[PDB]
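Visitor: Encoded as structure tokens, here's the structure I'll be asking about.
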Amino acid sequence: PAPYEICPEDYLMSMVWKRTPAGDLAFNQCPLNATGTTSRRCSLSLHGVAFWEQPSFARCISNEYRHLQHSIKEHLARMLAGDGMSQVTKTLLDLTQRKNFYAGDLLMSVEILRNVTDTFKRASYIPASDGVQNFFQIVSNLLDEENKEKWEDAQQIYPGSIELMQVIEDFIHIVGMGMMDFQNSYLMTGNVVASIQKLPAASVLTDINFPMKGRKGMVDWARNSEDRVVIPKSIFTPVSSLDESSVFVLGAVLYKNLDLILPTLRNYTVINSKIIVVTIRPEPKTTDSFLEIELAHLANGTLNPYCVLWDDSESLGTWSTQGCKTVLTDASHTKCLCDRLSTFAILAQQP
Ligand SMILES: *[C@@H]1O[C@H](CO)[C@@H](O[C@@H]2O[C@H](CO)[C@@H](O)[C@H](O)[C@H]2NC(C)=O)[C@H](O[C@H]2O[C@@H](C)[C@@H](O)[C@@H](O)[C@@H]2O)[C@H]1NC(C)=O
Ligand SMILES: *[C@@H]1O[C@H](CO)[C@@H](O[C@@H]2O[C@H](CO)[C@@H](O)[C@H](O)[C@H]2NC(C)=O)[C@H](O)[C@H]1NC(C)=O
């Protein structure tokens, strides 16, 4: 039983936003050369006064991205399908290189990479080495620091960056399947370093360290990093619950700035480290085999850092401290001891 506050008619971004009650959305179309819609929320301030939030472009798609996604079906309608996907990948890379995404283009880009990854899988087609590099460069471009606000916009409607991590893991597994036994490839870009290894069960005799630190062939930012994971050898033992014919694909990923966009799903909580991933297929027994993850802090003045892993069991899942012990090495570094495979990070309260 109170006054009903209304956001005034407004013209931000050359569109008419009609008078709209607090709590409600206004809708509009997208700029020229895009399709979809825009929306804008009217909200109530701490002091009970209506104000407009920023317009969302989460559902605007640039024409070139839409045309790209539609051309994918044309290539499907095995070799044709796979060569097709390689062309789509090349075209996506060129696009992401022009930047000037809409938020909706970030989402569309993930959807394209997802459809490309699923197509490779269904067609039993392994992309060539330059296609692998192109895929990673695309991801690195999507994760440009500049896109941070657009990702936040996109993520009002869909967990695009989580979906992107999943697409990255699936792609890694497709590539690993086509590798030789014992083969190890590093993918390096400005924002992402990935390691992919094919490892026969029982053949791993020492713990595996990622990323390798001793080489100047390694991109600067990662070589510099004090982030790393030690993967225990025992997890590569065959279990009757796997045998001498079993082969694991091990992927490990270090992200330079994925921390800027992954959701924390908690109030006054921030991601306070880079993001590190360890993925193994088929799944081994991991119980009582602890990965040791070392993560430098991003910022000082945080309350109580703690190790989490991504739990896939909506929002495509959540962060959990279940299965991780947090070791507070010093004010600037934390060591996580986790007996589950996943995406790892340090959260902390900012208050
Ligand atoms: C919207 O997209 C269209 C293409 O569908 C753009 O038209 C391009 O205009 C340039 C002008 O040099 C022309 O060389 C290109 O051939 C043409 N693109 C295509 C694919 O044919 C259009 O760009 C427009 O930008 C405005 C600011 C102005 O320079 C105008 O001349 C130009 O057409 C895009 N429109 C907007 C608003 O960016
Ligand atoms: C492209 O990816 C999307 C989502 O991963 C696939 O789904 C399309 O969109 C909705 C949402 O899932 C589905 O209900 C539709 O059936 C899909 N549309 C089409 C064109 O079938 C979509 O299947 C993928 N497309 C390709 C070429 O693999």
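Residues in the structure tokens are named by chain (A, B, ... in the order shown) and by number from 1 within that chain; ligands are numbered from 1 in the order shown.
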Within 8 Å of ligand 2, counting only C-alpha atoms and all ligand atoms: which residues, as a count of residues only?
Guide: 12
Visitor: Would you name the residues within 10 Å of ligand 1, counting only C-alpha atoms and all ligand atoms, and put them as a list in words?
Guide: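 What falls inside 10 Å of ligand 1 is residues 31, 32, 33, 34, 62, 63 and 64 of chain A.
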Visitor: Name the closest residue to residue A:294 among the candidates A:270, A:345, A:331, A:278; distances are taken between atoms, counting only C-alpha atoms.
Guide: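 Under the stated criterion, the closest residue is A:345.
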Visitor: Just checking: using only C-alpha atoms, which residue out of A:220, A:268, A:285, A:211 ends up closest to residue A:233?
Guide: A:285
Visitor: Skipping near chain neighbours, those fewer than 2 positions away, what residues fall within 12 Å of residue A:45 using only C-alpha atoms, listed as a PyMOL selection string?
Guide: chain A and resi 5-7+22-23+42-43+47-53
Visitor: Set the distance at 7 Å and use only C-alpha atoms: which residues neighbour residue A:261 once local chain neighbours fewer than 3 positions away are removed? I'd like the list as a ChimeraX atom specification.
Guide: /A:148,151-152,258
Visitor: Can you spit out the residues from that selection as a PDB file, in the first residue's frame, using N, CA, C and O atoms?
Guide:
```pdb
ATOM      1  N   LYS A 148      34.120  -7.786 -20.565  1.00  0.00           N
ATOM      2  CA  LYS A 148      33.633  -8.095 -19.230  1.00  0.00           C
ATOM      3  C   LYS A 148      32.188  -7.594 -18.982  1.00  0.00           C
ATOM      4  O   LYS A 148      31.335  -8.355 -18.520  1.00  0.00           O
ATOM      5  N   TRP A 151      29.684  -9.590 -21.010  1.00  0.00           N
ATOM      6  CA  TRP A 151      29.473 -10.923 -20.432  1.00  0.00           C
ATOM      7  C   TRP A 151      28.485 -10.869 -19.275  1.00  0.00           C
ATOM      8  O   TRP A 151      27.593 -11.712 -19.162  1.00  0.00           O
ATOM      9  N   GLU A 152      28.655  -9.865 -18.419  1.00  0.00           N
ATOM     10  CA  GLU A 152      27.745  -9.626 -17.322  1.00  0.00           C
ATOM     11  C   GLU A 152      26.338  -9.380 -17.841  1.00  0.00           C
ATOM     12  O   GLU A 152      25.377  -9.907 -17.289  1.00  0.00           O
ATOM     13  N   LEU A 258      39.311 -15.355 -16.860  1.00  0.00           N
ATOM     14  CA  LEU A 258      37.957 -15.910 -16.834  1.00  0.00           C
ATOM     15  C   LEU A 258      37.319 -15.514 -15.500  1.00  0.00           C
ATOM     16  O   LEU A 258      36.097 -15.395 -15.387  1.00  0.00           O
TER      17      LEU A 258
END
```
Visitor: For the atom pair atom CA of residue A:146 and atom CA of residue A:229, what is the interatomic distance in Å to one decimal place?
Guide: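 Separation of atom CA of residue A:146 and atom CA of residue A:229: 28.0 Å.
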Visitor: Nearest residue to residue A:311 out of A:168, A:15, A:293, A:341, using only C-alpha atoms?
Guide: A:341
Visitor: Could you tell me how far atom CA of residue A:92 sits from atom CA of residue A:129, in Å to one decimal place?
Guide: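 Atom-to-atom, atom CA of residue A:129 to atom CA of residue A:92, that is 16.6 Å.
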Visitor: Which residues are close to residue A:159, i.e. within 10 Å by only C-alpha atoms, leaving aside same-chain residues fewer than 5 positions away? Reply as a list in words.
Guide: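 Counting only C-alpha atoms, the residues come to residues 107, 151, 152, 154, 164, 262, 263, 314, 315, 316 and 317 of chain A.
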Visitor: Got time to write the residues from that selection, N, CA, C and O atoms, as a PDB file, in the first residue's frame?
Guide:
```
ATOM      1  N   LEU A 107      27.112 -14.860 -26.496  1.00  0.00           N
ATOM      2  CA  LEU A 107      26.279 -16.046 -26.391  1.00  0.00           C
ATOM      3  C   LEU A 107      26.235 -16.815 -27.716  1.00  0.00           C
ATOM      4  O   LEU A 107      26.405 -18.040 -27.728  1.00  0.00           O
ATOM      5  N   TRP A 151      29.684  -9.590 -21.010  1.00  0.00           N
ATOM      6  CA  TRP A 151      29.473 -10.923 -20.432  1.00  0.00           C
ATOM      7  C   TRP A 151      28.485 -10.869 -19.275  1.00  0.00           C
ATOM      8  O   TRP A 151      27.593 -11.712 -19.162  1.00  0.00           O
ATOM      9  N   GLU A 152      28.655  -9.865 -18.419  1.00  0.00           N
ATOM     10  CA  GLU A 152      27.745  -9.626 -17.322  1.00  0.00           C
ATOM     11  C   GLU A 152      26.338  -9.380 -17.841  1.00  0.00           C
ATOM     12  O   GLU A 152      25.377  -9.907 -17.289  1.00  0.00           O
ATOM     13  N   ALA A 154      25.148 -10.456 -20.875  1.00  0.00           N
ATOM     14  CA  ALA A 154      24.714 -11.752 -21.415  1.00  0.00           C
ATOM     15  C   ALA A 154      24.240 -12.693 -20.309  1.00  0.00           C
ATOM     16  O   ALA A 154      23.239 -13.388 -20.452  1.00  0.00           O
ATOM     17  N   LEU A 164      30.696 -22.104 -21.858  1.00  0.00           N
ATOM     18  CA  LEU A 164      31.927 -21.995 -22.613  1.00  0.00           C
ATOM     19  C   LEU A 164      33.027 -22.915 -22.053  1.00  0.00           C
ATOM     20  O   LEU A 164      33.774 -23.524 -22.813  1.00  0.00           O
ATOM     21  N   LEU A 262      33.085 -15.229 -14.567  1.00  0.00           N
ATOM     22  CA  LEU A 262      32.351 -16.318 -13.937  1.00  0.00           C
ATOM     23  C   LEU A 262      31.539 -15.820 -12.761  1.00  0.00           C
ATOM     24  O   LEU A 262      32.002 -14.968 -11.986  1.00  0.00           O
ATOM     25  N   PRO A 263      30.322 -16.353 -12.602  1.00  0.00           N
ATOM     26  CA  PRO A 263      29.463 -15.857 -11.515  1.00  0.00           C
ATOM     27  C   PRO A 263      29.926 -16.457 -10.199  1.00  0.00           C
ATOM     28  O   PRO A 263      30.510 -17.545 -10.207  1.00  0.00           O
ATOM     29  N   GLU A 314      19.643 -24.870 -10.957  1.00  0.00           N
ATOM     30  CA  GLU A 314      20.278 -24.881 -12.269  1.00  0.00           C
ATOM     31  C   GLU A 314      21.513 -23.986 -12.313  1.00  0.00           C
ATOM     32  O   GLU A 314      22.480 -24.211 -11.578  1.00  0.00           O
ATOM     33  N   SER A 315      21.459 -22.966 -13.172  1.00  0.00           N
ATOM     34  CA  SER A 315      22.606 -22.100 -13.451  1.00  0.00           C
ATOM     35  C   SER A 315      23.790 -22.933 -13.931  1.00  0.00           C
ATOM     36  O   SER A 315      24.948 -22.499 -13.859  1.00  0.00           O
ATOM     37  N   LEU A 316      23.478 -24.131 -14.421  1.00  0.00           N
ATOM     38  CA  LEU A 316      24.483 -25.103 -14.845  1.00  0.00           C
ATOM     39  C   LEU A 316      25.407 -25.546 -13.703  1.00  0.00           C
ATOM     40  O   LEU A 316      26.475 -26.110 -13.961  1.00  0.00           O
ATOM     41  N   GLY A 317      24.990 -25.288 -12.456  1.00  0.00           N
ATOM     42  CA  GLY A 317      25.724 -25.735 -11.279  1.00  0.00           C
ATOM     43  C   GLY A 317      26.030 -24.668 -10.237  1.00  0.00           C
ATOM     44  O   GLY A 317      25.397 -23.610 -10.215  1.00  0.00           O
TER      45      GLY A 317
END
```
